[PDB]
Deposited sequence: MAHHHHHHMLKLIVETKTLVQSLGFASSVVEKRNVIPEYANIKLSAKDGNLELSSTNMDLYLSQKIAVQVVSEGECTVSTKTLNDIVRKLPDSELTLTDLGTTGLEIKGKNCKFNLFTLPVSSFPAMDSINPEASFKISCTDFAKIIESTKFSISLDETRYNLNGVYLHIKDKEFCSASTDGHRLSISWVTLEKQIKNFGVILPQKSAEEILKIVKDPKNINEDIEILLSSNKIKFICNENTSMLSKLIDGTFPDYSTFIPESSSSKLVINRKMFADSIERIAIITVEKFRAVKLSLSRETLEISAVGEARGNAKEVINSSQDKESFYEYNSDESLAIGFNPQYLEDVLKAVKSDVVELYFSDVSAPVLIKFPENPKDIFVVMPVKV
């Protein structure tokens, strides 16, 4: 026989179904596999290039498996008011979800039609804190290319240089690099994790139940697997391409340096940028020792200017250690993405000429590097 029957804490099931449904976004056709075994409920969700397995502790009354519609199960569980639920596969009547006052019956689909997770012979595996992994993805997810005709830039480049595990991303206009030290020496490798995989594993490591724990990362030649805090494993395809050598993208020298309050800077850029039009996303930074003017123009819209004066005050800090003036343009979105990536009081910007990239560093955050090309203004 072996028919699934279990009692589960409702809140815990809701959380799991939330992760299961965001995984198959691209969804009336997506199914979730439920497996009750050894005191646990295992929920499996998968698409063309992702496989998510979540285990949660439940009262297993009878071992068994079945699959039902992800959306219908998620939608139903979110609306049940009891603290505990009973799930029971009753065969021809389907999977019964039972609260105190109501019963739902879901049609099931055969378990033989649901794929299991692929098996992997990992050439390399290591553990880092969920906090460290969250930072590296959050400092790099935003500068992935969205152009699908650039296959090798549509992910984050996860790679090892000596004992540092790094994420890099670029789209030709900016580069982001974030890294952490590893405990053990480990073989050099680099893989491009697809965007959707990066976003879903980011959401997993940020869960309050996991954020303070560890994530194990196991590598194979064509697949990457995350096991986040023992009970959640995600196995992801890799993007079939080669991430460019970014070493020449990082400026080796600078002619001038700006130190500025990050919040003040970011708020002013985004404010001045409002006047711009889609055809010309640019703000102009007119930098001098005494002031910075952020200005912008929008065709048939108007023009705008903000003045930031030099200041040694923390809330309004502005220092530009140069006798020369520099007027240089940037896409405001690309500055804003970097300024919002790191919670820092001040930010440093290293310039050369108006057509050379700016290197951006955050002084309390030495393992995060950002490079942003200018635009003609």
* **Missing segments of the deposited chain sequence, listed N- to C-terminal** => 1 to 6, 33 to 36
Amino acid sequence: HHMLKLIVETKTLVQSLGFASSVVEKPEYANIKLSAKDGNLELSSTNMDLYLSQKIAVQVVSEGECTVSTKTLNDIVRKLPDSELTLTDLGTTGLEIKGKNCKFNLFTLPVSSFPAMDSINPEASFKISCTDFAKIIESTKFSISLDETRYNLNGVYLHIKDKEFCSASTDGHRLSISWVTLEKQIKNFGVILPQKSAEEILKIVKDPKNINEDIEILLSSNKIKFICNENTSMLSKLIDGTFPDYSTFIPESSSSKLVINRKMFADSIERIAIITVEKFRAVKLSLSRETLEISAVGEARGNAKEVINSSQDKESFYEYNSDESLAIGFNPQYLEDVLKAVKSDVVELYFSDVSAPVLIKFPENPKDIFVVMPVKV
From here on, numbers count along this sequence of modelled residues.
* State which stretch shows the higher mean Cα B factor in the entry: 330 to 338 or 314 to 322. => 314 to 322
* Which has the higher mean CA temperature factor in the PDB entry, 117 to 125 or 86 to 94? -> 117 to 125
* Asked: Between 173, 284, 141, 163, which carries the biggest CA temperature factor in the record?
  -> 163
* Asked: In the PDB entry, which of 303, 188, 167, 268 has its C-alpha at the highest B-factor?
  -> 188
* Where does residue 357 sit by CA temperature factor within its chain: lowest, middle or highest third? -> middle
* Asked: Hey, what third does residue 263 fall into on Cα B-factor, ranked over its chain?
  -> lowest
* **residue 255 - Cα temperature factor, lowest/middle/highest third of chain** => highest
* residue 32's Cα B-factor: lowest, middle or highest third of the chain? -> lowest
* Asked: Among the modelled residues of its chain, does the C-alpha B-factor of residue 16 lie in the lowest, middle or highest third?
  -> middle
